[PDB]
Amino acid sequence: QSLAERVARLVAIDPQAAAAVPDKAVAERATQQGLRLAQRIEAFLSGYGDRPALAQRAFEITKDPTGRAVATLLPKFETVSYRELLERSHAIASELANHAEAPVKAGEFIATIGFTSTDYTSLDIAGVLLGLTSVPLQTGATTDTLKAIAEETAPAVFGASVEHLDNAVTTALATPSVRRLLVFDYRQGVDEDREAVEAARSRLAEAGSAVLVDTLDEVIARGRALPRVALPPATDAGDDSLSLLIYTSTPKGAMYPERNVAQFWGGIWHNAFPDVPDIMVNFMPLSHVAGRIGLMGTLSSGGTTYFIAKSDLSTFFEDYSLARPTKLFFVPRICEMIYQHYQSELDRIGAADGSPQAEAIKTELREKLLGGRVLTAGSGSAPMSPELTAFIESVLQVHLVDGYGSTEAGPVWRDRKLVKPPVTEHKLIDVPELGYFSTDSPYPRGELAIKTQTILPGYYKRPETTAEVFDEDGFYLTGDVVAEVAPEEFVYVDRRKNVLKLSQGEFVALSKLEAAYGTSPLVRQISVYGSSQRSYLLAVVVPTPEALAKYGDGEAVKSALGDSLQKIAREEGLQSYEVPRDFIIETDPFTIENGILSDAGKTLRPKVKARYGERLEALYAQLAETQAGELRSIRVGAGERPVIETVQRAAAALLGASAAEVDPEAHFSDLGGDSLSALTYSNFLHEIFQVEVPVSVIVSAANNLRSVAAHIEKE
């Protein structure tokens, strides 16, 4: 049933939903021609002033009976109003501009490590009100890459949530431009939080740093009693002032000028995925554009965002079931987690996939776990297997809009269809080297190139890298191979990076195989791997906890996995060479913490390579190396052993048989051996015994391994 209808029905029943319906008078004021970014924000936030804007889990400070005070979360959320959000943002800008010994002025850089929360959001806004350039850093970046980014940007202020404070300190000690360290998501009364700050200031004192440390609490309490800074900020370049850098990947900073940041705030990104009330959960760091799109789309539509309680997603279902969102934004790995929930719940009940009992599990997901108020849903940032899409769609009972886009280009398509605006022109470029051409069947393929109104001005302090991503006609080269399936309708194949050429000249799209194989019930996470010297694929598989218990982590989980991936291969119409033949089994999941997952939740190929690459190569190497060691052992001992043993071992080794299935009565034909492999075998035998053995003596169904051993001995 239609969206207008489902909304109308919700807003009759649900006063919370009714109060969150967008107000057009506010949107017209905030979006009018000429208004600078900071003024656009001020208009949304004052215009919706009384409404609930943001929500965090309520808590109480408990004592252990250790004695220590700690924050104990409650099954309840608490809201900060749009007006309260605006005040505290202004209190931050005011205190930062007016500081007595280390003030900050428009144009200066601020860097931040944090998750996503009320404080982080209010610091983002403070930055725009001050005209700062903000550089939000990846929560799982190593300290080395944090220092490298702090080097390029030279920030004057460094902000960090309590839990990243230690890595912030390390980075600030290596970064002479940093004058202040601000500490946020800080809770007065919590002993962990107080001792983190005291450790930060001892560490800085001990190294003799003059870097000042303050919590955001205190910054705001000071700012509150100060006059507001004047809008818009006195930057150098109006709408082209550099407002944000988003780091992408080696890390490059994509420049977001004020006019492109403004698109998050009620501009072109609301097309990315009637007057719908926006109530959303946010699980995505502000380090990544997906965090922003939800967060600012909802701020700018007068809705409410509910922040997930813990960085590590361990409170996911509880928060969704309390917050009961109207809009869902997913990424594949989140849909996979949902699918993994359904599937382990399916084992535990002992029900099959098509059944009423399984449909109740879905119903539970839809009504309880996800809150039962879902009106729309979208996904993006990585490719979704069609099976998973249909699963999510059946659970939610809405269409899952697919949005393709990038940090660089902004939103590019929505359910295959170019989003115009901002896209003005496009084309496909052939990629001969990866075997992709506009003449291909059944569809034209190649690299998508675009001209778009939201294209980045460039990468920060990287003019050469900036020139690499445009072709001679000024089209942006997405790096992404696509398939045109109808006029101006595209489907994603893969990044150019992710396409591998196997040694027999077949081309694989690696990220597409991971999406496909991620709906194996045995698979928790998968990374597929290739080498151009090899004719088959490997994979790094984290099996599910259930698979581990049932099969272990040795040959039996590999063999089970194999069957499972074969079955997807056949069902999806993939080739035999697209199925991995062996595995590295990992019992410890890829995480953001580990460096294997990005802040968006994507599996990072080069981080898999750096960790597992050696073990994977050694696994490619060992197959032929064992066989070669055996052939050499047999060559070396043959002038002193029963000719029949030689014949058997040679046959076993060459074809891939266990000694068990090599009987002296077996036919070379039985053990997998065509007449091409019989010539290799004849040559081997000729080399060690000095006697001629025709390929007739091996392939003839008259003969068997005694027959062969017989022939040789008669000479």
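When you see a residue number, it is the position in the sequence shown, counting from 1.
Unmodelled stretch separating residue 273 from residue 274: 4 to 9 residues (count of deposited-sequence residues without coordinates).
In this entry, residue 249 and residue 250 are separated by 4 to 9 residues of the deposited sequence that lack coordinates. Between 87 to 95 and 380 to 388, the higher mean Cα B-factor belongs to 380 to 388.
Averaged over Cα atoms, the B-factor as recorded in the entry is higher for 632 to 640 than for the other of 632 to 640 and 490 to 498. In this entry, the residue among 55, 70, 653, 37 with the greatest C-alpha B factor is 653.
When the C-alpha B-factors of 45, 61, 662, 30 are read from the PDB record, the largest value belongs to 662. Looking at the C-alpha B-factors along this chain, the one for residue 345 belongs to the highest third. Among the modelled residues of the chain, residue 268 sits in the highest third by CA temperature factor in this PDB entry. Residue-level temperature factors show residue 534 in the middle third of its chain, judged at the C-alpha atom.
Ranked within its chain, residue 358 lands in the highest third, by CA B factor from the PDB record.
When the modelled residues of the chain are ordered by their C-alpha B factor, residue 257 lands in the lowest third.
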